[PDB]
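Asker: Residue numbers (the deposited numbering), protein chains in the order written: chain 5K, 64 to 189; chain 3F, 58 to 77, 102 to 166, 184 to 375, 394 to 570; chain 3H, 5 to 125; chain SK, 12 to 182; chain 5H, 536 to 609; chain RB, 224 to 357; chain SZ, 4 to 105.
The beta carbon of each residue, even a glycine, is placed where N, CA and C say it ideally should be.
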Amino acid sequence: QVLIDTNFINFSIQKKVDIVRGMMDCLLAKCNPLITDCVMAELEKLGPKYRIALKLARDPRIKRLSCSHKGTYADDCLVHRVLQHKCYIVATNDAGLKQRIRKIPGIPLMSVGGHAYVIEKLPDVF
Amino acid sequence: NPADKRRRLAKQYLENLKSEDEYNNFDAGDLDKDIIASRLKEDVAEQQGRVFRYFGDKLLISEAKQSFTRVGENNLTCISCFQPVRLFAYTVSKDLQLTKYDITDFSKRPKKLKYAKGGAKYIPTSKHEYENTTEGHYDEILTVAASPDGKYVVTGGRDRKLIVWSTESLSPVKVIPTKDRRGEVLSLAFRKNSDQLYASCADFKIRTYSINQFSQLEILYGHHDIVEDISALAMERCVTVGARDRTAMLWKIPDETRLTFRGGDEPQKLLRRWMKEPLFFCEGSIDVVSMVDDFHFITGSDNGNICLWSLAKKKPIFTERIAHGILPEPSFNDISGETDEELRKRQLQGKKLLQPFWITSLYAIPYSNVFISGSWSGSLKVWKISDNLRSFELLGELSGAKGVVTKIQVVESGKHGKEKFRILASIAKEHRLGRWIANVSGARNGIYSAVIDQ
Amino acid sequence: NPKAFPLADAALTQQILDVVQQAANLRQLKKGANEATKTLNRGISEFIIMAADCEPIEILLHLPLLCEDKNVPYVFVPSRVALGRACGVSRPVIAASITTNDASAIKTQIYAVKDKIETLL
Amino acid sequence: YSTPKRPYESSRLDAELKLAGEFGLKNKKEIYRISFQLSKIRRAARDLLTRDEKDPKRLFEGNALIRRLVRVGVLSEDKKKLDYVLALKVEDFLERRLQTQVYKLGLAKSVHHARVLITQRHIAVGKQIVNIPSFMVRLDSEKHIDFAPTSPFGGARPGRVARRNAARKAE
Amino acid sequence: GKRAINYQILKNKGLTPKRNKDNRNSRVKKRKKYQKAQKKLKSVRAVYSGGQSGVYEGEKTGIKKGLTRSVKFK
Amino acid sequence: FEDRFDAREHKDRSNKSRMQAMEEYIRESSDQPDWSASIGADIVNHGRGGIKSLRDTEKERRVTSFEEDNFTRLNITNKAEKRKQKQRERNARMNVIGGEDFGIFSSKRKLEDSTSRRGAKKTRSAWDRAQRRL
Amino acid sequence: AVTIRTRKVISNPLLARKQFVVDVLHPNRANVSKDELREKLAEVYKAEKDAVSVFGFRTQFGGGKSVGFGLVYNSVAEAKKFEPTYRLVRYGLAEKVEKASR
RNA sequence: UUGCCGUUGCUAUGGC
Ligand SMILES: [Zn+2]
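Written as C-alpha cells, this is what we have:
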C-alpha cells in the first residue's frame with residue numbers, strides 16, 4: 064500500500080502513466096494506492112488548472128485515508144504516518160520529501176522517472 | 058461462462074489437432114507391429130485377463146456350513162492359503195506364532211499341524227539395522243504369504259524382517275531385513291503362478307523379491323502414508339493403497355511407473371444431491405484392496421465405503437457408502453457422568469458422533485464375479501459385481517463371525533459349472549495394526565470358515 | 005449447546021486429522037490429556053483437539069477453560085479412535101496438541117487449520 | 012541469472028544477510044538466481060492479470076501457472092487465484108530447496124548440518140541420492156526425503172572413521 | 536639427488552597479509568556474520584526469545600520507572 | 224492444373240498447435256491417469272540437472288522404446304549433440320523449476336490464433352452456425 | 004546375488020535365434036559381470052553357453068538395474084557364423100588381427 | 001476345535 068502525493072500525481076499525468084497499472088508493473092505486485100485527505104486538499108487548492116489531476120485522483124481504484132490534524136501539509140502528514148507504522152511505500156517526487164523518506168529507515172520510495180515508476184528502498188523487486 | 062469457454066476451446070483444440102468409415106482402412110505401421118506381435122513369444126504372464134468367471138447369482142448363499150474354529154492365540158492377524166494346479187493354510191498372530199493348517203478335508207473344520215513361535219529369544223544382540231539377520235520374530239508378525247508353488251511361506255511384521263519358512267517343516271530358510279529403522283512390512287502378495295513377492299513397507303516403500311533366488315528385485319517408491327495394503331495377479335502389475343493419502347496406486351513394476359487414483363467424495367455436494375428431494397459424509401483413509409481382474413479393482417475405505425475402480429478412470433466408477441453399518445453410539449451410562457438422562461442425552465448431540473464401521477478386510481476372488489467384505493459388524497458380506505462391470509450389489513451375509521475380520525480369502529473346489537468354496541476369515545478381537553477397538557461384543561480369536569456350495 | 009460444543013463436521017475433521025498425522029510424524033504433536041494440559045500451561049501449543057465421545061466428557065472438558073485463559077484454539081473431533089489412529093499410536097487418544105515450532109515443515113498447513121477452527125470458534 | 016538494479020543499497024545488503032544466514036546460502040548467486048526466475052514468473056502473472064476475464068490466454072495459462080506452482084509447492088492447494096502468484100516471493104521459493112527441507116524435517120540440526128549431509132550424500136529423495144543443496148523438492152517428493160540406505164545414518168555399514176577407531180580399539 | 540622445489544616457489548604467494556580462516560569459506564563467513572547480526576539485533580530492538588521458560592524469576596536485568604520506550608503519535 | 228504428391232500435406236504434423244497450457248488442461252480434465260514415475264527415478268544427475276520435464280520424459284520413453292525395438296544404442300553424434308544437448312540443458316536450467324517448465328510464461332505466442340478458433344469449421348454462414356449448433 | 008529378467012522375447016528363424024531385452028538387477032553389487040551373466044542366461048535358457056550373447060549394457064544412475072540386449076542361439080557353429088567378429092573376439096574364440104601399416 | 005478357565009457334546013457355545 065502506497066501513499067501518493069501531489070507532485071507524484073502531476074508527474075504521472077505528465078509522463079502518461081496510469082496510477083495502479085504503473086504501480087503494478089513497477090513492483091510486479093498488487094498495489095493499493097492511498098490519497099490522504101491532505102494530499103487531496105492540496106490537489107483541490109492547486110486550482111482549476113489541475114482539474115485533470117484532481118479527477119484522476121478521484122478514482123474508485125485509489126482508496127483514501129482520513130488524516131486527523133489541522134492544516135493541509137501533506138509532507139508532514141506522510142512523514143508522520145510512515146514513521147509511525149513502517150507498512151507503507153511512499154510515492155513522491157519532492158526532493159525534500161524524498162530526502163526525508165530515504166533518511167528514515169525501512170521505508171521504500173517510489174518516484175516517476177523516465178516513462179515508468181521506479182522504486183528504491185524495497186529490496187525485493189525482482 | 059468461463060468453464061463453458063474452457064470446454065469449448067478445448068474441443069476446438071482437439072479438433073484442430075485431429076486436423077493436423103471407408104472400405105479400405107489399413108495402416109502400415111499398425112499392421113507391421115501386428116506382424117511383430119505374431120512373431121513374438123510369451124503369451125503367458127501378460128494376459129490382460131477380463132472377468133471370465135461369471136457366477137455371482139449362480140451359487141447358493143444363505144445356507145453355508147459355517148464353522149468358527151476358535152483357536153488359542155491372541156489377535157490373529159493374517160491368513161495365507163494354497164492350491165496346486184492336499185491344501186494347506188497358514189495363520190499368524192500377535193503372539194508371534196505362525197501356525198500351519200490342513201484345509202483340504204473340505205466338509206469339516208481345519209486341522210492344526212505345526213507351530214512356529216518366535217519370542218523374546220530372537221531380539222538381536224546389536225540394535226543395528228543391517229545385522230537384523232536372526233532366525234525368528236521378536237515383534238508383531240503382521241502378514242503371511244504362501245508361495246503359488248507351495249515350497250515356502252514368507253512372513254513378516256513390525257520387526258522389519260522377511261523370514262521365509264519352508265512348507266514341509268516350518269523352518270526359517272532365509273532372513274532378509276528391510277535395512278532401515280521404520281521398515282515395518284504391512285502387506286505381502288505373490289504375483290500369481292510365480293516366485294515373486296511384493297511387500298509393502300511403511301517407509302512409503304514397496305519392496306519386491308524373488309524368493310527361490312533369495313534376491314530383491316526392485317524397490318519402488320511413491321505413496322504418501324504407510325502402504326497399508328497390496329494386491330497382485332498373474333501380470334507384473336501391482337496395486338497398492340496407502341492409508342491416509344486417500345489414493346490407490348497401481349505399478350508397472352518393470353517400467354517403475356504408476357497410475358494414481360484419488361478418492362473425492364464430499365458431503366457438501368452429496369447432501370445437495372440428497373437435498374434435491394441422510395447420514396453420509398467424506399472419507400477417512402483408504403485401507404484394503406484386491407485386484408479383481410487386470411482392468412478393475414476394489415478398495416475398502418475407513419468410512420465404510422467399498423469402491424470399484426477401473427484402469428481407465430481416475431475417479432471411481434462405483435461407490436457403496438455404508439457397507440457394514442454404523443457403530444452403536446456410546447451409552448448414556450458411559451458418556452457424561454451427570455445424573456439425569458436429559459443431560460446425558462444432550463451429550464450425544466443427536467446423530468453427529470455416530471461413526472461407521474470401517475471395512476478391515478476385502479477379498480476379490482481373482483477374475484470372478486464376487487467379492488467378500490469383513491469388519492466387526494459380526495456379519496461378513498458377499499457382493500457380486502454386475503456383468504457390465506459398472507456396479508456391484510449385496511448378495512447375502514455370512515453371520516457366524518463375531519469379531520474383527522483381519523483377513524478374508526477363499527478356497528476353491530468343484531469343476532467349471534458346479535463349484536463349492538470355503539471362505540476363510542481370520543477373526544480377532546483387535547485390529548491388525550493397533551488396538552483402537554472398544555466394545556468387544558462377544559468376539560473370539562478364531563478362524564471363521566464357511567462352506568458355500570453350487 | 006452441548007458441553008463438547010465446537011464440534012467439527014466431516015471435511016474439517018479430516019483436514020484436522022491429516023495435519024495431526026503429519027505433526028505426529030514431525031514430532032510436533034503432544035498426545036494425551038495431561039500432556040496436552042502440560043504443554044498448554046507451558047504455552048507451547050498452537051491448537052488442541054479434544055475428542056467428543058470418550059467415556060466421561062468432563063475428563064477433557066477441563067481443557068477448554070485453559071485454552072480460553074491463554075487464547076488457544078480448541079476443536080472437537082467426533083472420534084477418539086480415529087484421533088488415536090491419526091496420532092499414530094496403538095490406542096485411542098482423547099486429546100492432543102500441536103506444539104509451536106518455526107523450524108517446522110508444516111507451518112502453513114497448521115496455520116490454515118488454525119484459521120478454519122478459529123472461524124468455527 | 013542477473014544482478015539487481017541497485018545492488019548495493021543497505022536494505023538489499025541486510026536482506027541478503029538475513030536470507031543467506033537463515034537459509035545457509037554460500038553467496039549472493041543463490042538469491043539472485045531464484046529471484047531472477049521468480050521475477051520472470053510474476054512478471055508473466057502480471058500480464059495475465061492485465062488481460063481480462065474469459066481471455067483464452069488468461070484462462071489456460073492462468074490455471075496452468077497456478078497448478079504447476081502448486082506442484083512445485085510454493086503455493087498451497089486452496090489459494091487457486093492468480094493474485095497469490097503476485098504475493099509470492101523469494102523465500103517462499105528457497106524454503107523449497109533440499110537443505111531447508113532436510114533441516115525442517117529434522118534429519119539435521121541446522122541448515123549447515125543439512126548442507127554437509129547433502130554434499131556428503133547421506134540424503135536421498137525417493138530412489139536417487141541427491142547431492143546438491145539447492146534442489147527445489149516438490150510436493151510429492153516432500154515426504155520421501157530420508158537418509159540414504161548406503162549411509163551410516165541410514166542403516167548401512169559405518170564409515171571409515173568409525174571402522175578405523177573400532178579396529179584400533181580392537182588392537 | 537633431486538633438488539625438489541618447495542611450497543613458496545611452487546605456489547608463489549609472495550608477501551601476503553595475515554588472512555582469515557572464516558574468509559577461507561564463503562559459507563562459514565555468512566554463518567558468522569549473521570550470528571553477529573542477530574546478536575546485535577538484541578541490542579537495538581527487544582527480541583521475542585520464545586516466551587516464559589520456567590518459573591517467572593523476574594526481570595533479571597532491571598526495571599526503569601522513568602523510561603517509556605513507546606512510539607507517540609504525531 | 225495438375226496434382227503433385229505432397230507429403231507435407233499428408234504428413235502428421237500435430238506440433239504447430241501443441242500448446243502446453245491446453246495440454247495441461249487436458250491432463251487435468253482427462254479422467255484417466257497419467258503414468259508418473261516412482262518419485263526418485265526421474266531426477267537426473269543426483270540433482271545436478273533438474274528433475275526432468277514432461278517433454279523430456281516423453282522423449283526419453285520414445286528413445287528407449289525405439290532402443291529396445293531395434294536393438295541399437297544411440298550415439299554421441301557431435302553436431303547434433305553440441306546443438307541439442309547443451310542448448311537443451313541450458314534452457315532446462317533456465318526455465319525448468321522443480322520438474323515444471325515456466326519458459327512458456329516468458330514467451331510471446333498467441334494461443335487462440337494458431338491452436339484455438341477452428342479454421343475448417345469456421346461456420347461463415349448464419350445457416351451453417353445454426354446447423355452446427357442444432 | 005544377481006537377478007535376471009527377460010522381456011519381449013521374439014524368435015528370428017532367418018538368423019536361427021531368439022532375442023530379448025535383459026533387465027539385470029544387482030542391488031549392492033557393482034555391475035552386470037557379463038560372463039557370469041552369460042552363465043546365468045545359459046542356465047535359465049537351454050545349455051548353448053557359447054551360443055548365448057549379450058551386448059548392449061546401460062546401467063541406470065545409482066546402480067541396481069542395467070538394460071542389455073540378449074540374443075541366444077541354438078547351434079554354436081551357426082552362432083559363430085551369425086555373430087560379428089568383434090563380439091567373437093570379446094567373448095568366444097575368434098582372434099584375427101588387422102595388418103598394422105600406414 | 002486352544003492359552004486358560006465355564007457350560008461341556010458322548011458337538012457347539014461365552015467370559016477373561
Ligand atoms: Zn493528512
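Listed in chain order, which residues of the region 578 to 589 of chain 5H have Cβ atoms closer than 7 Å to some Cβ of chain 3H?
Answerer: Cβ contacts with chain 3H come from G586, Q587.
Asker: To the nearest angstrom, how far is the alpha carbon of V136 (chain SK) from that of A107 (chain 3H)?
Answerer: Answer to the nearest angstrom: the Cα atoms are 20 Å apart.
Asker: Determine the chain SZ residues that contact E291 (chain RB) at a beta-carbon separation under 7 Å, and present them in chain order.
Answerer: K11, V24, listed in chain order.
Asker: For a test of the three-state rule: what should DSSP assign to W372 (chain 3F), helix, strand or coil?
Answerer: Here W372 (chain 3F) sits in helix by DSSP.
Asker: So, is the C-beta of residue 1 (chain 3H) closer than 8 Å to a C-beta in chain 3F?
Answerer: Only positions 5 to 125 of chain 3H appear in this structure, which leaves residue 1 (chain 3H) out of reach.
Asker: What did DSSP end up calling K350 (chain 3F) once you bin it into helix, strand or coil?
Answerer: Strand at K350 (chain 3F).
Asker: With distances taken from CA atoms, which of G169 (chain 5K), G85 (chain 5K), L90 (chain 5K) is nearest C150 (chain 5K)?
Answerer: Out of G169 (chain 5K), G85 (chain 5K), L90 (chain 5K), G169 (chain 5K) has the C-alpha closest to the C-alpha of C150 (chain 5K).
Asker: Check whether the region 42 to 53 of chain SZ and the region 65 to 81 of chain SZ touch, using three or more Cβ-Cβ pairs below 8 Å as the test.
Answerer: Contact between the region 42 to 53 of chain SZ and the region 65 to 81 of chain SZ is present, because at least three Cβ pairs lie under 8 Å.
Asker: Does any C-beta atom of chain 3F lie closer than 8 Å to the C-beta of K138 (chain SK)?
Answerer: At least one chain 3F Cβ lies under 8 Å of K138 (chain SK).
Asker: In chain order, which continuous runs of the alpha helix (DSSP H) of length 4 or greater are located wholly inside the region 73 to 148 of chain 5K?
Answerer: If we require 4 residues or more, the alpha helix (DSSP H) runs fully inside the region 73 to 148 of chain 5K come out as 82 to 90, 100 to 108, 114 to 120, 137 to 146.
Asker: Hey, which unbroken runs of the beta strand (DSSP E) at 3 residues or more fall wholly within the region 190 to 221 of chain 3F?
Answerer: Complete beta strand (DSSP E) runs here, min 3: 195 to 200, 209 to 215.
Asker: With 8 Å as the limit, tell me which residues of the region 26 to 44 of chain SK have their beta carbon closer than that to any beta carbon of chain 5H; keep them in chain order.
Answerer: Result list: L28, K29, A31, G32, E33, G35, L36, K37, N38.
Asker: Smallest Cα separation from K500 (chain 3F): which of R551 (chain 3F), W263 (chain 3F), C423 (chain 3F), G466 (chain 3F)?
Answerer: Comparing Cα-Cα distances from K500 (chain 3F) to each of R551 (chain 3F), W263 (chain 3F), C423 (chain 3F), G466 (chain 3F), the minimum goes to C423 (chain 3F).
Asker: Check whether the region 228 to 236 of chain 3F and the region 211 to 220 of chain 3F touch, using three or more Cβ-Cβ pairs below 8 Å as the test.
Answerer: The region 228 to 236 of chain 3F, when compared against the region 211 to 220 of chain 3F, does touch it at the 8 Å Cβ threshold.
Asker: Would you mind stating whether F163 (chain 3F) and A243 (chain 3F) have Cβ atoms separated by less than 8 Å?
Answerer: Going by C-beta atoms, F163 (chain 3F) is not nearer than 8 Å to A243 (chain 3F).
Asker: Of all Cβ atoms in chain SZ, is any one closer than 8 Å to the Cβ of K122 (chain 3F)?
Answerer: Judged by the 8 Å Cβ criterion, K122 (chain 3F) is in contact with chain SZ.
Asker: Run through chain 3H and tell me which residues come within less than 9 Å of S87 (chain SK), C-beta to C-beta.
Answerer: The contacting residues are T112, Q113, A116.
Asker: Which parts of the region 265 to 353 of chain 3F are runs of the beta strand (DSSP E), unbroken and 3 residues or longer, counting only runs that do not cross its ends?
Answerer: Taking only runs of at least 3 residues, the beta strand (DSSP E) segments lying wholly in the region 265 to 353 of chain 3F are 270 to 275, 283 to 288, 294 to 299, 303 to 308, 313 to 319, 325 to 329, 335 to 340, 345 to 350.
Asker: Which class does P472 (chain 3F) belong to by DSSP, given the choice of helix, strand or coil?
Answerer: In this structure, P472 (chain 3F) counts as strand in the three-state DSSP scheme.
Asker: May I have all residues whose beta carbon comes closer than 5 Å to any heavy atom of ligand 1, sorted in chain order?
Answerer: In chain order, the qualifying residues are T99 (chain 5K), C101 (chain 5K), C130 (chain 5K), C140 (chain 5K).
Asker: Whose C-beta lies closer than 6 Å to the C-beta of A137 (chain 5K) among residues of the same chain, with five residues either side of it excluded?
Answerer: Hits under 6 Å: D68, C101, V102, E105.
Asker: Using a Cβ cut-off of 7 Å, which residues of the region 542 to 560 of chain 3F contact any Cβ in chain 3H, in chain order?
Answerer: The residues in question are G550, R551, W552.
Asker: Counting C-beta neighbours from all protein chains within 10 Å, is the total for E41 (chain SK) 16 or more, i.e. buried, or is it exposed?
Answerer: So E41 (chain SK) counts as buried.
Asker: Is the separation between the beta-carbon of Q112 (chain SK) and that of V148 (chain SK) shorter than 8 Å?
Answerer: Yes, the pair counts as a contact, with Cβ atoms nearer than the cut-off.
Asker: Any Cβ of chain 5K within less than 8 Å of the Cβ of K609 (chain 5H)?
Answerer: Yes, because at least one Cβ of chain 5K sits closer than 8 Å to the Cβ of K609 (chain 5H).
Asker: So, is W492 (chain 3F) buried or exposed, given that buried needs 16 or more other C-beta atoms within 10 angstroms?
Answerer: Result: buried.
Asker: Check distances from the C-beta atoms of the region 60 to 76 of chain SZ to those of chain RB and list, in chain order, the residues that come in under 9 Å.
Answerer: Here the close residues are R61, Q63, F64, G65, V70, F72, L74.
Asker: Determine the chain SK residues that contact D88 (chain 5K) at a beta-carbon separation under 7 Å, and present them in chain order.
Answerer: The contacting residues are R57.
Asker: Taking Cβ positions, are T41 (chain 3H) and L70 (chain 3H) nearer each other than 8 Å?
Answerer: Their beta carbons are under 8 Å apart, which means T41 (chain 3H) touches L70 (chain 3H) by this criterion.
Asker: Check the Cβ-Cβ distances between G47 (chain 3H) and every residue of chain 5H, and say whether any is below 8 Å.
Answerer: Interface residue, yes.
Asker: Can you grab the Cα-Cα spacing for the pair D66 (chain SK) / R63 (chain 3F), in whole Å?
Answerer: Going by the C-alpha atoms only, they are around 10 Å apart.
Asker: Just to check my reading of the structure: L284 (chain 3F) and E326 (chain 3F) have Cβ atoms closer than 8 Å, yes? What is that Cβ distance to the nearest angstrom?
Answerer: Right, their Cβ atoms sit about 6 Å apart.
Asker: Under 8 Å Cβ-Cβ, which residues of chain 3F neighbour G88 (chain 3H)?
Answerer: The contacting residues are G550, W552.
Asker: Output needed for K161 (chain 5K): all residues of its chain with C-beta closer than 8 Å, excluding positions within five of it in sequence on either side, in chain order.
Answerer: Cβ within range, chain order: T155, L172, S174.
Asker: Does the contact criterion of 3 or more C-beta pairs under 8 Å hold for the region 423 to 435 of chain 3F versus the region 450 to 467 of chain 3F?
Answerer: No, because fewer than three Cβ pairs between the region 423 to 435 of chain 3F and the region 450 to 467 of chain 3F fall closer than 8 Å, the two stretches do not touch.
Asker: Determine the direct distance from the alpha carbon of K34 (chain 3H) to that of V408 (chain 3F), and round the result to whole angstroms.
Answerer: Looking at the two C-alpha atoms, the distance is approximately 42 Å.
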